[PDB]
Amino acid sequence: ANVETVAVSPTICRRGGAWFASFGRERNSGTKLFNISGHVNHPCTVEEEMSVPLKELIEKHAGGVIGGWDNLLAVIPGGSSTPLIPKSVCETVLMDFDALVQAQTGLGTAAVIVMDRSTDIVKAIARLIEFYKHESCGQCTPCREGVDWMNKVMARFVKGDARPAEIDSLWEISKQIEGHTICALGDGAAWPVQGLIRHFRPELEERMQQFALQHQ
Amino acid sequence: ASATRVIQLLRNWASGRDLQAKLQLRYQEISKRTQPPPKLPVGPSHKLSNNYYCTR
Ligand code: SF4
(Lines give C-alpha, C1' and ligand atoms only; values in the text may rest on other atoms or scores of the structure.)
Protein backbone atom coordinates (compact mmCIF):
# COMPACT_ATOMS: atom_id res chain seq x y z
CA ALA A 1 0.00 0.00 0.00
CA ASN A 2 1.07 3.57 -0.66
CA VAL A 3 2.06 5.76 2.27
CA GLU A 4 -0.87 8.12 1.64
CA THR A 5 -3.39 5.27 1.51
CA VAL A 6 -2.30 3.86 4.87
CA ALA A 7 -1.83 7.34 6.36
CA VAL A 8 -5.41 8.44 5.64
CA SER A 9 -6.78 5.18 7.08
CA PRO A 10 -6.88 6.04 10.82
CA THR A 11 -8.64 9.33 10.09
CA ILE A 12 -11.11 7.44 7.89
CA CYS A 13 -11.80 4.98 10.71
CA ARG A 14 -12.22 7.71 13.33
CA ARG A 15 -14.42 10.08 11.30
CA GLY A 16 -16.20 7.32 9.39
CA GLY A 17 -16.32 6.27 5.76
CA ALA A 18 -19.35 8.44 5.00
CA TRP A 19 -17.46 11.63 5.88
CA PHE A 20 -14.65 10.69 3.50
CA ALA A 21 -17.15 9.72 0.80
CA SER A 22 -18.78 13.14 1.21
CA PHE A 23 -15.94 14.72 -0.77
CA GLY A 24 -15.38 14.24 -4.49
CA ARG A 25 -17.53 12.73 -7.19
CA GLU A 26 -19.08 9.28 -6.98
CA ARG A 27 -16.44 6.50 -7.00
CA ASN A 28 -13.80 9.28 -6.67
CA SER A 29 -14.28 10.05 -2.99
CA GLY A 30 -12.17 11.99 -0.53
CA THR A 31 -9.28 14.43 -0.53
CA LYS A 32 -5.99 14.19 -2.40
CA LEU A 33 -2.49 15.65 -2.27
CA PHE A 34 -1.53 17.54 -5.44
CA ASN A 35 2.06 18.40 -6.34
CA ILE A 36 1.96 21.34 -8.75
CA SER A 37 5.33 21.88 -10.43
CA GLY A 38 6.70 23.20 -13.70
CA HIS A 39 5.94 26.61 -15.19
CA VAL A 40 3.75 28.00 -12.43
CA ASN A 41 4.38 31.04 -10.25
CA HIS A 42 4.26 29.13 -6.93
CA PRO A 43 4.95 25.39 -7.33
CA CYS A 44 3.79 23.67 -4.16
CA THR A 45 2.21 20.67 -2.47
CA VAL A 46 -1.41 21.21 -1.43
CA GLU A 47 -4.39 19.19 -0.21
CA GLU A 48 -7.65 19.54 -2.11
CA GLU A 49 -10.92 17.79 -2.86
CA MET A 50 -10.80 15.04 -5.47
CA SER A 51 -12.86 16.54 -8.31
CA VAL A 52 -11.46 20.08 -8.19
CA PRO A 53 -11.12 21.49 -11.73
CA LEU A 54 -7.54 21.74 -12.95
CA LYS A 55 -7.74 25.42 -13.89
CA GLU A 56 -9.17 26.46 -10.53
CA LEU A 57 -6.51 24.48 -8.65
CA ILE A 58 -3.67 25.98 -10.70
CA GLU A 59 -4.92 29.56 -10.38
CA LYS A 60 -5.77 29.20 -6.68
CA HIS A 61 -2.84 27.36 -5.10
CA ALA A 62 -0.01 27.46 -7.66
CA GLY A 63 -0.43 31.16 -8.44
CA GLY A 64 -1.26 30.51 -12.09
CA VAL A 65 0.82 29.73 -15.15
CA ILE A 66 3.92 31.85 -15.74
CA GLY A 67 2.72 34.66 -17.99
CA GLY A 68 -1.01 34.17 -17.44
CA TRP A 69 -3.38 31.34 -18.25
CA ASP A 70 -3.17 32.18 -21.96
CA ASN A 71 0.51 31.16 -21.87
CA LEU A 72 -0.30 27.55 -20.96
CA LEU A 73 0.71 24.95 -23.54
CA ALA A 74 0.43 21.51 -21.92
CA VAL A 75 -0.17 19.75 -18.62
CA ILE A 76 0.91 16.31 -17.44
CA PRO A 77 -1.58 15.74 -14.59
CA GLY A 78 -0.43 12.43 -13.12
CA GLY A 79 3.34 12.33 -13.25
CA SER A 80 5.54 11.21 -16.10
CA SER A 81 3.48 8.07 -16.81
CA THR A 82 0.32 9.92 -17.81
CA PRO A 83 -0.19 11.33 -21.32
CA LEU A 84 -0.15 15.10 -21.64
CA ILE A 85 -3.22 17.16 -22.52
CA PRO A 86 -3.26 20.50 -24.38
CA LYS A 87 -4.80 23.76 -23.21
CA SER A 88 -8.17 23.12 -24.88
CA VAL A 89 -8.64 20.09 -22.61
CA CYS A 90 -7.27 21.70 -19.41
CA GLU A 91 -10.15 24.22 -19.49
CA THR A 92 -13.02 22.07 -18.17
CA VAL A 93 -11.32 18.91 -16.89
CA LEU A 94 -11.88 17.63 -13.35
CA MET A 95 -9.06 16.07 -11.34
CA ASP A 96 -10.58 12.66 -10.57
CA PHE A 97 -9.83 9.22 -11.98
CA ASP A 98 -12.82 8.95 -14.33
CA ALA A 99 -12.73 12.51 -15.69
CA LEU A 100 -9.05 12.22 -16.60
CA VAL A 101 -9.55 8.74 -18.04
CA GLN A 102 -12.24 10.28 -20.27
CA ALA A 103 -9.63 12.78 -21.50
CA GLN A 104 -7.44 9.74 -22.33
CA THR A 105 -4.90 10.49 -19.57
CA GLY A 106 -5.71 9.07 -16.14
CA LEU A 107 -5.11 10.73 -12.77
CA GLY A 108 -2.31 8.41 -11.67
CA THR A 109 -0.46 10.03 -8.77
CA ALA A 110 -1.83 13.61 -9.06
CA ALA A 111 1.46 15.29 -10.01
CA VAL A 112 0.71 18.32 -12.19
CA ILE A 113 3.64 19.28 -14.43
CA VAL A 114 2.78 22.55 -16.18
CA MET A 115 4.45 23.69 -19.42
CA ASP A 116 3.81 27.07 -21.04
CA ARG A 117 4.51 28.12 -24.63
CA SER A 118 8.17 28.89 -23.85
CA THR A 119 9.01 25.16 -23.81
CA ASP A 120 10.23 22.63 -26.35
CA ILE A 121 7.53 20.02 -25.76
CA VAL A 122 9.30 17.34 -27.81
CA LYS A 123 12.46 17.85 -25.75
CA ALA A 124 10.52 17.42 -22.50
CA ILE A 125 8.87 14.21 -23.69
CA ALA A 126 12.25 12.95 -24.93
CA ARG A 127 13.74 13.63 -21.50
CA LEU A 128 10.91 11.64 -19.92
CA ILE A 129 11.54 8.75 -22.32
CA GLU A 130 15.25 8.90 -21.46
CA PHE A 131 14.30 8.69 -17.78
CA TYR A 132 12.29 5.56 -18.56
CA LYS A 133 15.27 4.20 -20.49
CA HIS A 134 17.54 4.69 -17.47
CA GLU A 135 15.06 3.08 -15.04
CA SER A 136 14.23 -0.12 -16.95
CA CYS A 137 15.09 -3.26 -15.01
CA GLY A 138 15.78 -5.06 -18.29
CA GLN A 139 13.98 -8.30 -17.45
CA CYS A 140 11.43 -8.66 -20.26
CA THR A 141 12.17 -8.12 -23.94
CA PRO A 142 9.47 -5.50 -24.81
CA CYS A 143 10.50 -2.91 -22.22
CA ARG A 144 14.23 -3.71 -22.33
CA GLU A 145 14.55 -3.23 -26.08
CA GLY A 146 11.63 -1.02 -27.11
CA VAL A 147 12.19 1.67 -24.49
CA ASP A 148 15.76 2.15 -25.72
CA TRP A 149 14.45 2.10 -29.30
CA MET A 150 11.90 4.81 -28.46
CA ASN A 151 14.59 6.82 -26.65
CA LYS A 152 16.77 6.78 -29.77
CA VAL A 153 13.83 7.67 -32.03
CA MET A 154 12.74 10.54 -29.77
CA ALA A 155 16.29 11.88 -29.50
CA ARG A 156 16.40 11.91 -33.30
CA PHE A 157 12.94 13.55 -33.37
CA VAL A 158 14.16 16.43 -31.21
CA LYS A 159 16.59 17.47 -33.95
CA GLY A 160 14.05 16.74 -36.68
CA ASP A 161 16.40 14.14 -38.18
CA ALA A 162 13.65 11.77 -39.38
CA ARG A 163 10.80 11.66 -41.90
CA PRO A 164 7.07 11.93 -41.14
CA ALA A 165 6.43 8.23 -41.85
CA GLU A 166 8.55 7.32 -38.82
CA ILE A 167 5.93 9.01 -36.63
CA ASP A 168 3.39 6.30 -37.42
CA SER A 169 6.01 3.58 -36.95
CA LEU A 170 6.89 5.07 -33.57
CA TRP A 171 3.21 4.91 -32.62
CA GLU A 172 3.10 1.23 -33.54
CA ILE A 173 6.30 0.60 -31.58
CA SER A 174 4.51 1.97 -28.53
CA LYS A 175 1.60 -0.39 -29.14
CA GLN A 176 4.06 -3.29 -29.20
CA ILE A 177 5.30 -2.31 -25.74
CA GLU A 178 2.03 -1.45 -24.00
CA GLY A 179 0.12 -4.50 -22.79
CA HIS A 180 2.99 -6.92 -23.50
CA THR A 181 5.28 -6.31 -20.52
CA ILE A 182 5.63 -7.86 -17.07
CA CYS A 183 4.98 -4.69 -15.07
CA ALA A 184 3.45 -1.31 -15.93
CA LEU A 185 6.75 0.48 -16.62
CA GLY A 186 6.33 -0.44 -20.28
CA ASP A 187 2.84 1.08 -20.32
CA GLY A 188 4.16 4.16 -18.50
CA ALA A 189 6.89 4.54 -21.11
CA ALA A 190 4.55 4.04 -24.07
CA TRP A 191 1.78 6.39 -22.89
CA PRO A 192 3.61 9.78 -23.02
CA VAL A 193 4.84 9.02 -26.54
CA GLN A 194 1.26 8.26 -27.58
CA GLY A 195 0.00 11.48 -26.00
CA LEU A 196 2.67 13.53 -27.76
CA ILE A 197 1.93 11.92 -31.13
CA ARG A 198 -1.80 12.39 -30.53
CA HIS A 199 -1.70 16.08 -29.62
CA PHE A 200 1.43 17.63 -31.18
CA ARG A 201 1.99 15.84 -34.48
CA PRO A 202 2.04 19.15 -36.45
CA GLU A 203 4.99 20.26 -34.31
CA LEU A 204 6.94 17.09 -35.13
CA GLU A 205 6.14 17.37 -38.84
CA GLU A 206 7.12 21.06 -38.94
CA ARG A 207 10.41 20.31 -37.17
CA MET A 208 11.17 17.57 -39.70
CA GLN A 209 10.35 19.94 -42.56
CA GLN A 210 12.64 22.62 -41.13
CA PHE A 211 15.51 20.15 -40.71
CA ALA A 212 14.96 18.77 -44.22
CA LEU A 213 15.01 22.19 -45.88
CA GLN A 214 17.94 23.45 -43.78
CA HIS A 215 20.11 20.38 -44.50
CA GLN A 216 18.82 20.02 -48.09
CA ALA B 1 26.78 -1.56 -95.09
CA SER B 2 29.70 -0.70 -97.39
CA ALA B 3 28.75 -2.58 -100.58
CA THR B 4 29.18 -1.02 -104.00
CA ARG B 5 26.04 0.65 -105.36
CA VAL B 6 25.93 -1.66 -108.39
CA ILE B 7 26.14 -4.68 -106.07
CA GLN B 8 23.38 -3.07 -103.98
CA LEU B 9 21.18 -2.78 -107.08
CA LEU B 10 21.96 -6.39 -107.99
CA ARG B 11 20.96 -7.56 -104.50
CA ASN B 12 17.75 -5.53 -104.55
CA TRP B 13 16.74 -6.91 -107.94
CA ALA B 14 17.68 -10.50 -107.06
CA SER B 15 15.83 -10.54 -103.72
CA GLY B 16 13.01 -8.32 -104.99
CA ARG B 17 13.08 -6.06 -101.91
CA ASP B 18 15.16 -3.16 -100.58
CA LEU B 19 17.77 -4.83 -98.39
CA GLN B 20 19.33 -1.48 -97.44
CA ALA B 21 16.27 -0.63 -95.34
CA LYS B 22 16.52 -3.74 -93.13
CA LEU B 23 19.95 -5.32 -92.61
CA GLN B 24 20.53 -8.40 -90.47
CA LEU B 25 23.91 -7.05 -89.35
CA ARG B 26 23.91 -4.49 -86.52
CA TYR B 27 26.20 -1.49 -86.97
CA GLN B 28 25.52 1.48 -84.69
CA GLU B 29 21.84 1.42 -83.61
CA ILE B 30 22.42 -0.94 -80.66
CA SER B 31 22.77 0.26 -77.07
CA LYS B 32 26.14 1.27 -75.65
CA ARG B 33 28.07 -1.44 -73.82
CA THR B 34 28.38 0.93 -70.82
CA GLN B 35 25.20 2.26 -69.22
CA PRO B 36 24.39 4.66 -66.36
CA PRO B 37 23.61 3.07 -62.99
CA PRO B 38 19.95 2.22 -62.28
CA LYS B 39 17.82 2.89 -59.18
CA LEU B 40 15.44 -0.11 -59.07
CA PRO B 41 12.32 0.78 -57.02
CA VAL B 42 11.50 -1.26 -53.92
CA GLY B 43 7.97 -2.64 -53.92
CA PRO B 44 4.53 -2.51 -52.32
CA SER B 45 5.33 -3.85 -48.84
CA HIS B 46 8.24 -1.51 -48.04
CA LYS B 47 6.02 0.58 -45.76
CA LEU B 48 7.00 1.28 -42.15
CA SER B 49 3.57 1.50 -40.52
CA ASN B 50 0.66 -0.52 -41.95
CA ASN B 51 2.78 -3.55 -42.79
CA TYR B 52 2.10 -6.36 -40.34
CA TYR B 53 3.12 -9.60 -42.02
CA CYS B 54 0.08 -11.60 -40.90
CA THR B 55 -2.07 -9.42 -43.19
CA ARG B 56 0.00 -10.28 -46.30
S1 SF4 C 1 8.43 -3.62 -18.26
FE2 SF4 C 1 8.95 -3.88 -16.05
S3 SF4 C 1 9.67 -6.03 -15.90
FE4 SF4 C 1 9.69 -5.51 -18.12
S5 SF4 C 1 11.82 -4.79 -18.49
FE6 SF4 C 1 10.58 -2.93 -18.03
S7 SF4 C 1 10.84 -2.63 -15.79
FE8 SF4 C 1 11.53 -4.76 -16.23
Side-chain angles (χ1 to χ4, degrees), chain A residues 1-7 28 32-38 45 74-86 95-115 119-159 161-162 165-201 204, chain B residues 47-55:
Chain A
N2 191 40
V3 63
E4 188 176 3
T5 306
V6 294
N28 314 313
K32 183 97 189 55
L33 282 173
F34 298 87
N35 292 151
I36 319 160
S37 61
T45 290
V75 165
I76 302 175
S80 76
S81 324
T82 56
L84 60 91
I85 44 177
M95 274 296 232
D96 59 70
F97 292 104
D98 299 334
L100 278 163
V101 162
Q102 210 75 10
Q104 285 153 307
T105 292
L107 169 67
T109 175
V112 200
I113 313 179
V114 175
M115 317 177 243
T119 84
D120 193 6
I121 177 69
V122 190
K123 167 183 200 227
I125 304 311
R127 192 48 181 83
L128 279 192
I129 299 312
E130 188 164 71
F131 163 84
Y132 281 106
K133 188 259 287 184
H134 283 141
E135 307 280 6
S136 197
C137 85
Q139 191 187 16
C140 68
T141 298
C143 177
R144 175 181 71 242
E145 312 298 2
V147 176
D148 178 28
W149 193 353
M150 274 178 357
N151 170 241
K152 287 168 175 176
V153 170
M154 289 300 296
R156 211 177 62 227
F157 271 11
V158 161
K159 313 199 258 73
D161 202 356
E166 315 231 37
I167 297 175
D168 280 25
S169 83
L170 179 67
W171 177 275
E172 280 202 347
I173 290 174
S174 152
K175 288 304 175 181
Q176 284 169 176
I177 303 180
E178 165 186 359
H180 298 86
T181 58
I182 299 188
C183 78
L185 196 144
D187 303 331
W191 287 337
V193 160
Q194 285 168 186
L196 175 77
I197 292 176
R198 184 187 309 128
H199 285 111
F200 286 87
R201 197 200 187 104
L204 303 168
Chain B
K47 309 118 64 193
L48 295 179
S49 311
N50 204 239
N51 206 13
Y52 271 108
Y53 186 80
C54 72
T55 70

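Hydrogens, waters and symmetry mates play no part in the numbers below; they use all other heavy atoms, side chains included. Chain letters run A, B, ... following the sequence lines, proteins first and then strands; every chain starts at 1. Just so you know, ligand 1 is whichever comes first in the structure, and atom 1 is the first atom listed for that ligand.
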*Pick one: which of A/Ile121, A/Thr105, A/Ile113 meets side-chain contact (heavy atoms from CB on, under 4.5 Å) with A/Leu84?*
A/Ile121
*Give, for atom CD of A/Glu166 and atom CG of A/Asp161, the distance between the pair rounded to the nearest 0.5 Å.*
9.0 Å
*asked:* Let me confirm one number: the CE-CZ distance from A/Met154 to A/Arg127, rounded to the nearest 0.5 Å.
replied: 13.0 Å
*Drop me the distance from A/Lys32's NZ to A/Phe97's CZ, to the nearest 0.5 angstrom.*
7.0 Å
*How far does CE of A/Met150 sit from NZ of A/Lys133, to the nearest 0.5 angstrom?*
12.0 Å
*What number of protein N, O or S atoms occur at distances under 2.8 Å from atom 2 (Fe) of ligand 1?*
1
_Do the side chains of A/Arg144 and A/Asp148 get close enough for a salt bridge, i.e. N-O under 4.0 angstrom?_
no
